[PDB]
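Trainee: After the structure tokens below, expect a handful of questions from me.
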Amino acid sequence: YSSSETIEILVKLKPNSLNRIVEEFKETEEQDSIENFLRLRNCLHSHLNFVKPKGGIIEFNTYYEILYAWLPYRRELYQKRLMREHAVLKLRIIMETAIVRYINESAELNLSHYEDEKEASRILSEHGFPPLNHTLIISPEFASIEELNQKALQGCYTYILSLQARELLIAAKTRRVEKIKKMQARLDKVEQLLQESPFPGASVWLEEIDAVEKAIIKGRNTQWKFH
Amino acid sequence: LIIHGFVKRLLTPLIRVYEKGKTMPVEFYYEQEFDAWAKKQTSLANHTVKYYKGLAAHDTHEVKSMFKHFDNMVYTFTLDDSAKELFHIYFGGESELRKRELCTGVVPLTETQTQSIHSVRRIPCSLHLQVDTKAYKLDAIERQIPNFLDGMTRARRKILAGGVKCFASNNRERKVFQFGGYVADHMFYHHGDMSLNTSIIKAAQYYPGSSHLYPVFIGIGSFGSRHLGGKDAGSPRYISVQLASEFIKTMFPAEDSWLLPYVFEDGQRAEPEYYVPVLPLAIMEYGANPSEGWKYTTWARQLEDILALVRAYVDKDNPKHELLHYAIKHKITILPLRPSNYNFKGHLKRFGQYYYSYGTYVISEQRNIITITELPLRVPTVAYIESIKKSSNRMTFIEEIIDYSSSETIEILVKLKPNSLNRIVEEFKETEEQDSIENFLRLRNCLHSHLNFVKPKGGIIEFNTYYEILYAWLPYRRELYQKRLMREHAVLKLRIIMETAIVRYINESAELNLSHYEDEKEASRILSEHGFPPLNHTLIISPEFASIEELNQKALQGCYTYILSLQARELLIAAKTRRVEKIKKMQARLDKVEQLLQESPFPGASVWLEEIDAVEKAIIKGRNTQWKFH
Amino acid sequence: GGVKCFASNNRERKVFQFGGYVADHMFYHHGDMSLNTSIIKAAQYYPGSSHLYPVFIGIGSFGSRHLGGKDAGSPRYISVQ
Amino acid sequence: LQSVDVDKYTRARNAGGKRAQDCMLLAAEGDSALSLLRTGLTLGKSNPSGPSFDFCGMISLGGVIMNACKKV
Amino acid sequence: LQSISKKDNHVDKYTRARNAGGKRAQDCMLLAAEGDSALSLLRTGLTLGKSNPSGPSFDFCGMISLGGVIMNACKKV
DNA sequence: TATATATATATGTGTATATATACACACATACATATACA
DNA sequence: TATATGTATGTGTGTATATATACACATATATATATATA
């Protein structure tokens, strides 16, 4: 008589057979006679055999060993994501605090007068604009920090020559100024929480603990449907 | 038991449409009811449409709602005296009743019948047969019979559209099951996955005697052979396909796929109602299917006959120009339209009102061995050998029958019992139409056609000759050329108008001083005062499917976004030279277009001859490279 | 492949269509029946299933406790998200 | 030449007995439909007004039925 | 019991070579493939009659399917 | 030799399902093989 | 005549390897089956 998710099983006994069950299927202090009759216990017996990084079997003895092996990988991963974020923030501050002064000075720089983009790149480099790799500052995908600070200051003037004329208005200047302010504040926060105790990025991982826990609660409440 | 009431059914939804916010959806039981409801709407970008093929697609929070009301949705069948003839029509052993009922469409349901069914919950059996079973049989005709314009079914048209879109960026090959998942995702295919993969396999085969003489895809792997009739291909896990790109480029031109009526499924468009190729591809391949009521069977025509007929229709200084138009007015035949003999080495004869195809043997009395070297058209090898083995009257003269054939060329070897060449001739008599050996060895067949197609806007159509199919095909391609030239004319005028204001903004940006202004409002106001036209930049750059009234009706109703997303890269002088020369090329193209809209005998008559020559050289290149296009 | 596929909008797919996607873009070099069985058993959620925190939300018939989750639908019926 | 039972069939508890006439056979098309019907006929206390296996059965139609109107 | 169930013993995929079990039987090979698509490949290959004049053919070569994965006997003996 | 059945095959686009093998190990069911005897 | 005691089978989980089958629909062809003729 079971439900879709609930067990309900009904046996029927021939008359005068409970006492034969009690005297015939004996009772120890680990399992009952009725549970010995109806197959109602099992052992939770484990075989903790995993594979390790860079290939190969590893065999653990208890779950504490697995937890203690797990922790330093996550610790070091927080450290390297904070180093990457610090580098990208400095590089983007450097990138936009050339674009804003180009908007301030392009009314009399008058780039419409020049012939092609080589003359334009020459006259932009003759007034102190930094050559930048725009397609890797704005989208660091799988670049490590060595090849981030190694090949990004060695680009061209594509960041400044591919601006739309919509960008040259006063509200866009205002928005770029406040966005520079927000990136400066975020760079200060990144350098402030690189130095914390015990290891770098110790409060961020507490926040992610809290978010995962409430997402697990909200998924258990909705029968894992997330209504 | 149908009288007293024993046979019942549930009634579940096929479509549920969910509005955002409301906790009761709108349920539909039929597909055309959903399409009629949906096309009346104005924007469907806050609804979700679910299609339920099978009962197992219903999740938990709606099976609970379906089974709180289980006894509310069980219906019981009754029958009257008007029902026995309908069961004999729909399910009896003769098709003429089924042909003459099945031509007319479905008859809708009255208000009294609908209120009676949805109130007392009983169904007449005849009223079930005259809606549900008839709608099934019309849908099965639509799925299993080809259109006469493009020559392909509905599944193969979905495969062609999804394959043009899948291999767009780079023509890298994929497995058959991965391409099948793509075309079932993006073309809204509502059926099983096994038959789709079978159609993708058979839509790419190329061997002597295959169905498709000009396949859409290049097949990479093992795709079966003559000797089992293509039934021994690989699994879809193994083999691959890619798009035969230049044949699809020349036969189905890409700027004509914007101008076709499309099949809308679940709210957004899926594929065309029909393609219109440059050549009449419906009569250029093979085919044999049953369906409901009718039968489909074709035998392909010569390529040179079709090229002669189309070039005689279109090209004005061919000698057979006005005489062919006379023959189209009076439905008489002048230029011959023969069966195709390509990739077939036997011979073809016409005896009365049919064609016959013959094999080829090679008699020898030195070793009493007949060496069969070819079978008739579309005859598999092992089926022929087992058929020549089962017949007990023919087995009394042979010792052993051995195969030595290659993978593309027949070579069968028989062995006769000693001194038995003489006894064949009195047993198997030689008529004038076939030899005694060809009577003995089953070496001819009749080419008997059933030219039953479907037409645009649905429904069967039935021709009597291949000339009728060609004469029905030609005007569609004519008007589609006229449509593409008029659309191009409108777009070219509008693009000249667009770029000869970009040029003057580049010339006057220093005097205009765009940086001084506050936002897009003041910039659009100060650009409206100096004589810049308001334009619709998206419709000019990408006029996707816009008809010409839509294209000149919402074009002058935009803003200055065309001029405001200019990069500072293109304010340079080489960019000015580039834009001025491309404006010159566009207006020269506009003069060429408005000169093409006038010529004899109809507008766009030289472009279509050029495309005939392009399709011909692509077919020749494909036939030389074993359809690999190396 | 599921993070890559459902990026734009979290619109449902079938099991065999999502399996074709993750065999194309993740360079899977094996059969399709085992991949579709893996997707099905990665989406299941019932008392006593393997996963307590599944990657996907399953939409359709994904089996019950009683037959051990071996009573799901065919992959042309059921959906994941 | 003269010289098992039912496949994919779940009987009701009251088939062929004293209340035989008040039982249903919910004949489905395959086995995924029977998985749906098994899911739904076992709403235990969440649906006191719905049916269950005390008066309902299940059997599969095997895909497409053979017609008898032209094999007789 | 054997006679009751001998009718179900008496369908494998096997293409017999022309010279299997005769006077030149030891000149012959048996190309045991793994499935049916493999046999499609091998039957395509062994029939290149004049595109491969130095190749093999069905005069001294057979085909059979290994049926997926072979049972081991080391754990069942 | 004739007029007459009733079953039988093949084509494309559809509807549904079936089954063999490897790999490890805790657990369940079937004797059966003795060893005191009796 | 009960007892152990060493044998032999037997499903079961995930990730692999290779296959199998029923049904609908039209029409042309077929190969043996059948009266009654006698």
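To be explicit about the labels: the chains of the structure tokens are called A, B, and onward in the order shown, and within each one the residues are counted from 1, while ligands get numbers from 1 in the order they are shown.
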Residues of chain E no more than 8 Å from chain G, counting only C-alpha atoms (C1' of nucleotides): send them over as a count of residues only.
Mentor: 6
Trainee: Using only C-alpha atoms (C1' of nucleotides), I'd like a table of the residues in chain A that come within 12 Å of chain F; for each, show the closest atom pair and its distance in Å rounded to one decimal, ordered by chain and ascending number, as a Markdown table.
Mentor:
```
| residue | atom | partner | partner_atom | distance |
| --- | --- | --- | --- | --- |
| A:39 | CA | F:28 | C1' | 11.5 |
| A:42 | CA | F:27 | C1' | 10.5 |
| A:43 | CA | F:26 | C1' | 9.9 |
| A:44 | CA | F:26 | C1' | 10.9 |
| A:45 | CA | F:26 | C1' | 8.8 |
| A:46 | CA | F:26 | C1' | 10.6 |
| A:47 | CA | F:25 | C1' | 10.1 |
```
Trainee: Need the shell around region 600-602 of chain B: protein/DNA/RNA residues with any atom at most 12 Å away, counting only C-alpha atoms (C1' of nucleotides). Skip same-chain ones fewer than 3 positions apart. Format as a PyMOL selection string?
Mentor: chain B and resi 312-317+321-322+325+475+477-482+485+595-597+605-608
Trainee: Quick check for you: according to DSSP on this backbone, which residues of chain C are classed as alpha helix (DSSP H)? Reply as an mmCIF file with N, CA and C atoms, in the first residue's frame.
Mentor:
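Listed below is the output, out-v9.cif:
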```
data_model
loop_
_atom_site.group_PDB
_atom_site.id
_atom_site.type_symbol
_atom_site.label_atom_id
_atom_site.label_comp_id
_atom_site.auth_asym_id
_atom_site.auth_seq_id
_atom_site.Cartn_x
_atom_site.Cartn_y
_atom_site.Cartn_z
ATOM 1 N N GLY C 2 26.553 21.899 -19.374
ATOM 2 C CA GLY C 2 25.321 22.494 -18.898
ATOM 3 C C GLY C 2 25.461 23.940 -18.500
ATOM 4 N N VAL C 3 26.605 24.318 -17.939
ATOM 5 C CA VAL C 3 26.864 25.735 -17.694
ATOM 6 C C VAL C 3 27.003 26.483 -19.013
ATOM 7 N N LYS C 4 27.610 25.848 -20.017
ATOM 8 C CA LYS C 4 27.779 26.517 -21.303
ATOM 9 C C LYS C 4 26.469 26.606 -22.087
ATOM 10 N N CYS C 5 25.608 25.588 -21.983
ATOM 11 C CA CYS C 5 24.407 25.522 -22.814
ATOM 12 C C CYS C 5 23.341 26.496 -22.341
ATOM 13 N N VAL C 15 16.440 15.390 -23.173
ATOM 14 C CA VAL C 15 17.654 14.712 -22.749
ATOM 15 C C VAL C 15 18.557 14.411 -23.937
ATOM 16 N N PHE C 16 18.002 13.990 -25.073
ATOM 17 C CA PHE C 16 18.861 13.644 -26.198
ATOM 18 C C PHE C 16 19.409 14.872 -26.908
ATOM 19 N N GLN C 17 18.730 16.011 -26.812
ATOM 20 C CA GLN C 17 19.240 17.227 -27.430
ATOM 21 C C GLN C 17 20.363 17.844 -26.610
ATOM 22 N N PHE C 18 20.199 17.882 -25.288
ATOM 23 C CA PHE C 18 21.284 18.295 -24.407
ATOM 24 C C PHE C 18 22.456 17.327 -24.464
ATOM 25 N N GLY C 19 22.182 16.037 -24.652
ATOM 26 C CA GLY C 19 23.258 15.076 -24.818
ATOM 27 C C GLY C 19 24.026 15.275 -26.106
ATOM 28 N N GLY C 20 23.326 15.616 -27.191
ATOM 29 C CA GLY C 20 24.016 15.980 -28.418
ATOM 30 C C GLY C 20 24.866 17.225 -28.259
ATOM 31 N N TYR C 21 24.382 18.191 -27.473
ATOM 32 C CA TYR C 21 25.165 19.397 -27.205
ATOM 33 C C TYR C 21 26.443 19.071 -26.435
ATOM 34 N N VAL C 22 26.323 18.302 -25.349
ATOM 35 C CA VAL C 22 27.504 18.016 -24.537
ATOM 36 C C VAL C 22 28.414 16.984 -25.168
ATOM 37 N N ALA C 23 27.961 16.260 -26.185
ATOM 38 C CA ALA C 23 28.883 15.456 -26.963
ATOM 39 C C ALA C 23 29.555 16.251 -28.067
ATOM 40 N N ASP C 24 28.962 17.363 -28.501
ATOM 41 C CA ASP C 24 29.644 18.159 -29.511
ATOM 42 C C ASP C 24 30.684 19.082 -28.892
ATOM 43 N N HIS C 25 30.301 19.859 -27.886
ATOM 44 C CA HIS C 25 31.179 20.926 -27.425
ATOM 45 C C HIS C 25 32.184 20.495 -26.370
ATOM 46 N N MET C 33 23.893 6.305 -25.748
ATOM 47 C CA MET C 33 22.987 5.710 -24.773
ATOM 48 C C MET C 33 23.532 5.829 -23.356
ATOM 49 N N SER C 34 24.841 5.641 -23.186
ATOM 50 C CA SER C 34 25.437 5.775 -21.864
ATOM 51 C C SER C 34 25.482 7.223 -21.404
ATOM 52 N N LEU C 35 25.690 8.163 -22.327
ATOM 53 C CA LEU C 35 25.664 9.574 -21.962
ATOM 54 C C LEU C 35 24.269 10.012 -21.551
ATOM 55 N N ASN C 36 23.244 9.534 -22.257
ATOM 56 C CA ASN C 36 21.879 9.900 -21.901
ATOM 57 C C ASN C 36 21.453 9.264 -20.589
ATOM 58 N N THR C 37 21.910 8.039 -20.315
ATOM 59 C CA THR C 37 21.656 7.426 -19.014
ATOM 60 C C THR C 37 22.344 8.197 -17.895
ATOM 61 N N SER C 38 23.548 8.709 -18.159
ATOM 62 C CA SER C 38 24.255 9.509 -17.166
ATOM 63 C C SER C 38 23.540 10.823 -16.890
ATOM 64 N N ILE C 39 22.976 11.453 -17.925
ATOM 65 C CA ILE C 39 22.232 12.698 -17.724
ATOM 66 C C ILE C 39 20.966 12.442 -16.914
ATOM 67 N N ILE C 40 20.267 11.340 -17.221
ATOM 68 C CA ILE C 40 19.054 10.967 -16.492
ATOM 69 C C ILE C 40 19.356 10.737 -15.018
ATOM 70 N N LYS C 41 20.364 9.930 -14.721
ATOM 71 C CA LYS C 41 20.680 9.669 -13.324
ATOM 72 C C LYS C 41 21.388 10.827 -12.640
ATOM 73 N N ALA C 42 21.888 11.803 -13.386
ATOM 74 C CA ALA C 42 22.376 13.018 -12.763
ATOM 75 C C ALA C 42 21.255 13.982 -12.427
ATOM 76 N N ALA C 43 20.093 13.838 -13.062
ATOM 77 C CA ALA C 43 18.978 14.732 -12.791
ATOM 78 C C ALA C 43 18.008 14.223 -11.728
#
```
Trainee: Give the strand (DSSP E or B) residues of region 278-506 of chain B, as DSSP finds them on the backbone, and put them as a PyMOL selection string.
Mentor: chain B and resi 287-290+295-298+301+339+347-350+355-358+360+371-372+374+398-403+412-416+444-447+450+452-454+460-462
Trainee: Once you have the residues from the selection above, write them out as a short mmCIF file (atom, residue, chain, number, x, y, z; two decimals), in the first residue's frame, restricted to C-alpha atoms.
Mentor:
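Dumped everything to result-v5.cif:
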```cif
data_model
loop_
_atom_site.label_atom_id
_atom_site.label_comp_id
_atom_site.auth_asym_id
_atom_site.auth_seq_id
_atom_site.Cartn_x
_atom_site.Cartn_y
_atom_site.Cartn_z
CA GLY B 287 11.07 7.80 -54.76
CA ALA B 288 8.46 5.23 -53.70
CA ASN B 289 6.32 5.57 -50.55
CA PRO B 290 2.83 4.63 -49.51
CA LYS B 295 0.90 6.32 -53.33
CA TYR B 296 4.05 8.23 -54.35
CA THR B 297 6.41 6.89 -57.03
CA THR B 298 8.74 8.79 -59.36
CA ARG B 301 14.35 12.61 -65.82
CA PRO B 339 14.13 8.95 -68.13
CA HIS B 347 19.13 -0.12 -71.92
CA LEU B 348 15.67 1.43 -71.90
CA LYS B 349 12.77 0.78 -74.27
CA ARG B 350 9.31 2.28 -74.76
CA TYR B 355 9.12 2.43 -70.26
CA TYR B 356 10.96 -0.81 -69.57
CA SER B 357 14.50 -1.21 -68.23
CA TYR B 358 16.64 -4.22 -69.14
CA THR B 360 22.71 -7.32 -69.30
CA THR B 371 27.68 -14.06 -66.55
CA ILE B 372 25.21 -11.46 -65.30
CA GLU B 374 23.91 -5.68 -64.49
CA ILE B 398 21.29 -24.36 -62.23
CA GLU B 399 24.03 -26.08 -60.20
CA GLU B 400 25.50 -23.14 -58.29
CA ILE B 401 24.99 -19.37 -58.22
CA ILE B 402 28.01 -17.34 -57.09
CA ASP B 403 28.60 -13.62 -56.53
CA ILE B 412 26.89 -12.39 -60.83
CA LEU B 413 27.88 -15.84 -62.06
CA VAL B 414 25.45 -18.70 -62.58
CA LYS B 415 26.32 -22.30 -63.40
CA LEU B 416 24.01 -24.47 -65.47
CA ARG B 444 13.51 -6.34 -66.93
CA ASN B 445 11.07 -4.14 -65.06
CA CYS B 446 8.40 -1.56 -65.84
CA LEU B 447 8.72 2.09 -64.84
CA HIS B 450 2.26 7.54 -59.35
CA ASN B 452 0.71 12.26 -56.44
CA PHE B 453 2.14 15.31 -54.66
CA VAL B 454 1.03 17.88 -52.10
CA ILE B 460 -3.22 16.50 -52.46
CA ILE B 461 -2.61 17.24 -56.13
CA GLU B 462 -2.34 14.60 -58.83
#
```
Trainee: Counting only C-alpha atoms, which residues from chain B have an atom at most 8 Å from any atom of chain A, and could you show them as a ChimeraX atom specification?
Mentor: /B:506,509-510,513-520,564-569,571-575
